[PDB]
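To start, the structure itself, in structure tokens.
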Amino acid sequence: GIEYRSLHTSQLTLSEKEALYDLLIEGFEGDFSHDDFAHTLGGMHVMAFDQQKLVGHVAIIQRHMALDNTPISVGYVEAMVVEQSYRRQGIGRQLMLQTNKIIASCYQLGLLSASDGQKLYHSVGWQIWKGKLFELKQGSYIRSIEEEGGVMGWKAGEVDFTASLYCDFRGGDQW
Amino acid sequence: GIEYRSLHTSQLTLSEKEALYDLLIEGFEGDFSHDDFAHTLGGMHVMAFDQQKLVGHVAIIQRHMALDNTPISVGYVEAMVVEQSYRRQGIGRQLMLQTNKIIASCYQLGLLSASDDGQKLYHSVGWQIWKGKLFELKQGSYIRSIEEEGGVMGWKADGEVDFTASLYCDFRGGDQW
Ligand SMILES: CC(C)(COP(=O)(O)OP(=O)(O)OC[C@H]1O[C@@H](n2cnc3c(N)ncnc32)[C@H](O)[C@@H]1OP(=O)(O)O)[C@@H](O)C(=O)NCCC(=O)NCCS
Ligand SMILES: CC(C)(COP(=O)(O)OP(=O)(O)OC[C@H]1O[C@@H](n2cnc3c(N)ncnc32)[C@H](O)[C@@H]1OP(=O)(O)O)[C@@H](O)C(=O)NCCC(=O)NCCS
Ligand SMILES: CCN[C@@H]1C[C@H](N)[C@@H](O[C@H]2OC(CN)=CC[C@H]2NC(C)=O)[C@H](O)[C@H]1O[C@H]1OC[C@](C)(O)[C@@H](NC)[C@H]1O
Ligand SMILES: CCN[C@@H]1C[C@H](N)[C@@H](O[C@H]2OC(CN)=CC[C@H]2NC(C)=O)[C@H](O)[C@H]1O[C@H]1OC[C@](C)(O)[C@@H](NC)[C@H]1O
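Rendered as structure tokens:
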């Protein structure tokens, strides 16, 4: 009974972006910052609607990383949420099926940082990243020690999940 | 008589993808590489059609950069082309006007790397030569992009960006800019 629409950020109205912010604030219970919202904008949104009420969301944003020393185009998953009373009905899974298709069509690798939410991602093919993770700090890479074990990856061309990943720079949490 | 469509890479038919590749090889007279084509995929396409024939294209790719020490979200312009016989009719201008709207709605700053045929057109829709230092990752360490300094141009909707500040781009294959 849910309707799914895939829209680029550039195709959203101000009120649709506001409804997205509202859904994220309510669904994360205070764990979602302004930086997290900036991270949600600029790529593709998969949105779940009950009639006209936005009830679920996930975004896929392009990131430009290194896998060891090789450049890799990444589809990075952000702001995955389903309104509380709509949970445990398969909406999050449909969001991820749609997310996988977008990634397969556009990028060499899907990545995300997971809560927990890890089991849902595993059920649609994602695996824990086994290599070391690095982020830019003051223009120089350092270990993302806190995120290791939490980042998951998905490939439809095969990628070595034991290799090191070097993400690109942003505000807030780099992963 | 030209129709414009804005489509994400994920919304493109396979037909349009192959048409795009041929259009770029034909339009660039030999200096459009496989890495250049990879750089074109993953973001928004603005496509111009004459009836059913694709005649013009520009892509806007999300990039994550540093402006001095500050993280900035970039709409990076790639793979700007109009088929030879359609040029000098304003199609490229319309492509950029559509590009400007996408950038304004999504990113903090527009950036591109221009040519001879490009600069004046981009300037005509508000873009300015980037005056600051440019840097790219080599072996995980930033170095100056001397080659590209003076050729990269930027665009800001509100217009409040220090065009003399340094830019550090994110990593990719082929040309980083
Ligand atoms: C994570 C989240 C998006 C999942 O949304 P969801 O719609 O509940 O996802 P699904 O319903 O597809 O799967 C949820 C669970 O319900 C189960 N489920 C689905 N349909 C079901 C049914 N008909 N009967 C019983 N259980 C069912 C699934 O098997 C899954 O169980 P698992 O998590 O043990 O695999 C949601 O919990 C959420 O918004 N959390 C807060 C935001 C957040 O943490 N986001 C970051 C996640 S990294
Ligand atoms: C750059 C490019 C895309 C421009 O496409 P275009 O459709 O010719 O862009 P426009 O028609 O809007 O403007 C092009 C020129 O025609 C002029 N022009 C605009 N409207 C015109 C009209 N109605 N009648 C005649 N000339 C016109 C513009 O002022 C510009 O002149 P300039 O070169 O002096 O600025 C095209 O040359 C091209 O495909 N080049 C090959 C690939 C390439 O190099 N792309 C640029 C990489 S930066
Ligand atoms: C130090 C923070 N690190 C991780 C950062 C990630 N941006 C975050 O992404 C989710 O949350 C929000 C809001 N904040 C944004 C996007 C969300 N992701 C998706 C797919 O929608 C992770 O959620 C954070 O991980 C923490 O939470 C889980 C955990 C297991 O308890 C810890 N892992 C050691 C903890 O570090
Ligand atoms: C060493 C190459 N450096 C620049 C790299 C840029 N990826 C390139 O972008 C355009 O072309 C192509 C195909 N290759 C891809 C996308 C195009 N851009 C747009 C908006 O569609 C620049 O075109 C290159 O610049 C060269 O050309 C111009 C010049 C002034 O003569 C020289 N000096 C800077 C020369 O370096």
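Protein sequence lines, in the order shown, are assigned to chains A and B. With UniProt numbering applied, the first sequence covers 2 to 116, 118 to 158, 160 to 178. If you want UniProt numbering, it's the 1-based position in the second sequence plus 1. By construction, the Cβ of each residue, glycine as well, lies at the ideal position given by its N, Cα and C atoms.
Does any residue of chain B have a CB that is nearer than 9 Å to the CB of residue i?
i, result
"A/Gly155", "no"
"residue 117 of chain A", "In the model shown, chain A runs from 116 to 118 with nothing in between, leaving residue 117 of chain A without coordinates."
"A/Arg64", "yes"
"A/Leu98", "no"
"A/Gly76", "yes"
Residues in the same chain with beta-carbon distance under 8 Å from residue i, minus the five sequence neighbours each way, listed in chain order, please.
i, result
"A/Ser7", "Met45, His46, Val47, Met48, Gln99, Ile103"
"A/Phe136", "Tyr143, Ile144, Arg145, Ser146, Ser167, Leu168, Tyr169, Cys170"
"A/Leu13", "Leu21, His46"
Run through chain B and tell me which residues come within less than 8 Å of residue i, C-beta to C-beta.
i, result
"A/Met45", "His9, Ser11"
Can you pull the chain A residues whose beta carbon is under 8 Å from the beta carbon of residue i, in chain order?
i, result
"B/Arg6", "Near B/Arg6 there are no residues of chain A at all, since even the closest Cβ is about 12 Å away, more than 8 Å."
"B/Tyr169", "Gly141, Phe172"
"B/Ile103", "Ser11"
Any beta carbon from chain A within less than 9 Å of residue i's own beta carbon?
i, result
"B/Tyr108", "yes"
"B/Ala166", "no"
"B/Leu122", "no"
"B/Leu25", "no"
"B/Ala39", "yes"
For residue i, which residues in the same chain have their Cβ closer than 7 Å to its Cβ, ignoring the five residues on either side in sequence?
i, result
"A/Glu30", "none"
"B/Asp69", "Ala166, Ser167"
"A/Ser114", "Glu149, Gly152, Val153, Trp178"
"A/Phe172", "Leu138"
"B/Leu21", "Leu55, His58"
"B/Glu79", "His40, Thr41, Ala60, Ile62"
Residue i versus chain A: which residues are under 9 Å apart at the beta carbon?
i, result
"B/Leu135", "Chain A residues near B/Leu135: none, gap ~14 Å exceeds 9 Å."
"B/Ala67", "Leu138, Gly141, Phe172"
"B/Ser146", "What B/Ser146 touches in chain A: nothing, since even the nearest Cβ is about 14 Å away."
At a cut-off of 8 Å, is residue i close to ligand 6 when judged by its beta-carbon and the heavy atoms of the ligand?
i, result
"A/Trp131", "What this structure holds is ligand 1, ligand 2, ligand 3 and ligand 4, not ligand 6."
According to DSSP, residue i sits in a beta bridge with which residue or residues?
i, result
"B/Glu84", "Answer by DSSP bridge pairing: none, since B/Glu84 is not bridged."
"B/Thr71", "B/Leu68"
"B/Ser114", "B/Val153"
"B/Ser167", "None, per the DSSP bridge assignment."
"A/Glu79", "A/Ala60"
"A/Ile130", "A/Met154"
"B/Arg145", "B/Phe136"
"B/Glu4", "B/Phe50"
Whose C-beta lies closer than 6 Å to the C-beta of residue i among residues of the same chain, with five residues either side of it excluded?
i, result
"A/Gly127", "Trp156"
"B/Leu122", "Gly93"
"A/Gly174", "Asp36"
"A/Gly119", "none"
"A/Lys134", "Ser167"
"A/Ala67", "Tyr169"
How would you list, in chain order, the residues of chain B whose beta-carbon sits under 9 Å from the beta-carbon of residue i?
i, result
"A/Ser34", "By Cβ distance, chain B contributes nothing, its closest Cβ being about 14 Å from A/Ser34, past 9 Å."
Determine the chain B residues that contact residue i at a beta-carbon separation under 7 Å, and present them in chain order.
i, result
"A/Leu42", "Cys107"
For this session: Identify every run of the beta strand (DSSP E) within the stretch 6 to 60 of chain A, keeping only runs that are complete inside it and at least 3 residues long; order them along the chain.
Result: 45 to 51
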